[PDB]
2 protein chains.
Amino acid sequence: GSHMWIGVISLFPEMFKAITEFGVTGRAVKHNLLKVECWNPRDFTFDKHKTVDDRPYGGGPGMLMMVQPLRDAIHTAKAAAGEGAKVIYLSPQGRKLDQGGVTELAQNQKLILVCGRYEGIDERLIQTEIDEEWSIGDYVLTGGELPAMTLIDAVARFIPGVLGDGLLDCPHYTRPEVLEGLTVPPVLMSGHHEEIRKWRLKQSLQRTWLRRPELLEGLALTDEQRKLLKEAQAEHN
Amino acid sequence: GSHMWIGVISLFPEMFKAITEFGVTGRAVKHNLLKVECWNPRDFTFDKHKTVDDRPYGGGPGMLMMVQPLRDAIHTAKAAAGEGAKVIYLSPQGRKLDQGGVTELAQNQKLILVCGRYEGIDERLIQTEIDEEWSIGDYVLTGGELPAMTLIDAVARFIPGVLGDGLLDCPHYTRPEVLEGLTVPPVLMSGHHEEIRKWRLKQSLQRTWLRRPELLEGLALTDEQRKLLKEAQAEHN
Ligand SMILES: Nc1nonc1C(=O)NC1CCNCC1
Ligand SMILES: Nc1nonc1C(=O)NC1CCNCC1
């Protein structure tokens with residue numbers, strides 16, 4: 001397809017089996033729609049104990065990733081990727097990821113994802129080796145690998161063949177018709193496709209309004225959406 | 001310690017090896033600080049082909065998780081957890097996770113995390129079985145497992161023994177003293193601990209201001225922070 005190649009720099013490359021061996025992303029990898037290739041800084045060490053961390057200038061409680069093995073791993077990944085690969089560092093200081101940013105990143109045929117461990121990486125590597133810094137959210141994790149997998153999974157959905165509008169999703173129902181006394185909305189069992197579409201759209205608008213009203217502000221609603229949202233708000237009242 | 005038990009409902013429980021076998025979280029599991037226990041809806045099916053998906057009332061392109069195997073898995077997890085376990089559903093319709101929300105969730109000694117696959121789960125299960133709905137971010141993934149791991153990793157950092165303020169982190173430097181012509185800030189090599197603290201704090205304030213100014217609004221800065229931020233903004237200008 002419009003396949004995608006993703007190079008990964010990580011001290012724990014076996015974590016990536018979570019996305020390359022299972023589910024939709026695992027199928028994408030098996031079918032060569034997505035290729036994920038990993039380089040481990042530990043393999044670029046030269047000392048007997050394969051040291052991959054180092055002490056921060058200025059002191060402090062934590063450790064940083066050691067520059068030489070990480071730099072060399074990045075350079076090796078860049079040589080494999082050839083031309084046009086954007087190098088991304090995952091960190092809380094990066095641009096916050098949202099679906100618009102996923103769609104942007106998915107325009108790349110090649111990406112290299114650098115996964116930090118310990119307290120961080122040297123600022124000068126960010127300056128010299130990293131094209132873009134991205135955050136998956138405003139919380140603190142133990143490593144960049146889950147953010148990198150999250151990003152891979154989100155962009156993989158855009159690859160042709162991998163899968164078979166600003167608003168939260170509508171409620172979904174499946175069997176049984178009655179579950180702990182709770183019935184399926186009759187409209188969903190009416191077979192009236194236009195009423196079903198409008199009902200779902202109205203529910204998405206209502207849920208976005210009630211839970212995430214700030215998302216509504218960023219939208220230019222269609223006439224139909226304005227009407228259904230007004231109906232929901234009148235109903236709710 | 002103040003150990004934590006996390007029950008997980010997932011069609012792909014082997015994904016969780018990414019956090020239970022590696023790094024800081026893997027150590028937490030080995031040392032019994034964190035226990036992660038998984039139940040797979042597929043094991044609660046009764047038909048020959050172990051069906052775990054089902055068709056949405058009202059039609060549409062996708063499938064939902066089948067109610068009976070998922071319900072039964074959840075009930076089994078709840079019986080294992082005993083009293084006091086909060087059941088969390090990960091989805092884009094949930095409360096957006098941030099570090100304050102992580103600290104809240106970390107107050108729980110027990111959690112059960114329900115990981116959705118396909119297009120979603122039946123709304124009535126959310127109503128009847130789920131205590132809280134949380135989102136790890138405003139993007140769309142192929143399953144709830146990476147969000148659940150992300151949440152586990154973030155809350156694990158709060159468990160006593162697992163590890164050895166509103167602002168973005170400061171830059172970090174390690175060896176070598178000179179890297180591609182770029183030098184380490186002399187203050188970090190001065191050994192003056194108070195100047196180093198103030199420099200780091202000033203950098204965090206400057207970076208938050210330049211990259212994420214909306215985060216600054218949510219803070220009541222100390223006198224010292226107000227002064228250093230003013231200095232940074234004058235400097236920047
Ligand atoms: N949030 C994040 N989006 O990307 N990476 C994130 C993250 O928490 N990284 C951790 C930062 C502390 N050092 C270990 C890595
Ligand atoms: N963002 C999220 N925060 O928690 N879960 C998220 C998510 O994208 N879930 C996918 C929604 C589409 N169906 C597959 C699961």
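Every chain is numbered from 1 and lettered A, B, ... according to where its sequence line falls, protein lines coming before strand lines. Counting convention: from 1, in listed order, for ligands and their atoms alike.
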Problem - Residue pair A:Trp39 / A:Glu37, side-chain donor-acceptor N/O under 3.5 Å - result: no

Practice task
Return yes if a side-chain donor-acceptor contact under 3.5 Å exists between B:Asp153 and A:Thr142, otherwise no.
Solution key: yes

Exercise for the section: Compute the shortest N/O to N/O distance between B:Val140 and ligand 2 and return yes if it is under 3.5 Å, no if not. Expected result: no

Practice task
Using a strict 4.0 Å threshold on nitrogen-to-oxygen distance, state whether A:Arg207 and B:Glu133 make a salt bridge.
Solution key: no

Exercise for the section: Mark up the atoms of ligand 1 that fall under 4.0 Å of a heavy atom belonging to A:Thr142, in ascending order. Expected result: 14 (C)

Fill in the blank from the handout: Ranked by distance from atom 9 (N) of ligand 1, the top protein heavy atom is A:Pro92 CD, 3.8 Å

Handout entry: Proximal ligand 1 atoms for A:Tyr139, defined as those under 4.0 Å from one of its heavy atoms
Key = 1 (N), 8 (O)

Practice task
Check ligand 1 against A:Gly137 and write out every atom of the ligand that is under 4.0 Å from a heavy-atom position of the residue.
Solution key: 1 (N)

Problem - N or O contact, A:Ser91 vs ligand 1, cut-off under 3.5 Å - result: yes

Practice task
Report the nearest protein non-hydrogen atom to atom 3 (N) of ligand 1: residue, atom name, distance rounded to 0.1 Å.
Solution key: A:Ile136 N, 3.2 Å

Exercise for the section: Ignoring angles and geometry beyond distance, decide whether A:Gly120 reaches within less than 3.5 Å of ligand 1 through its nitrogen or oxygen atoms. Expected result: no

Exercise for the section: With rounding to the nearest 0.5 Å, note down the distance linking CG in B:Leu146 to CZ in B:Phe16. Expected result: 8.5 Å

Handout entry: Test: A:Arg117 and A:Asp53 ion pair at under 4.0 Å
Key = no

Exercise for the section: Inspect the contact between B:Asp131 and B:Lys86 and indicate whether a charged nitrogen and a carboxylate oxygen are less than 4.0 angstrom apart. Expected result: no

Problem - Under-4.0 Å salt bridge between A:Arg55 and A:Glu119 - result: no

Problem - N/O separation below 3.5 Å, A:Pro147 to ligand 1 - result: no

Practice task
Find all atoms of ligand 1 within a distance of less than 4.0 Å from any non-hydrogen atom belonging to A:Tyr118, and give their numbers and elements.
Solution key: 13 (N), 14 (C)

Practice task
Kindly give the heavy-atom pair with the smallest separation between A:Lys110 and A:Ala81, and that separation in Å.
Solution key: NZ-O, 2.7 Å

Completion exercise
Ranking B:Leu90, A:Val24, A:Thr150, B:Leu141 by closest non-hydrogen atom to atom 8 (O) of ligand 2, top hit is B:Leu141

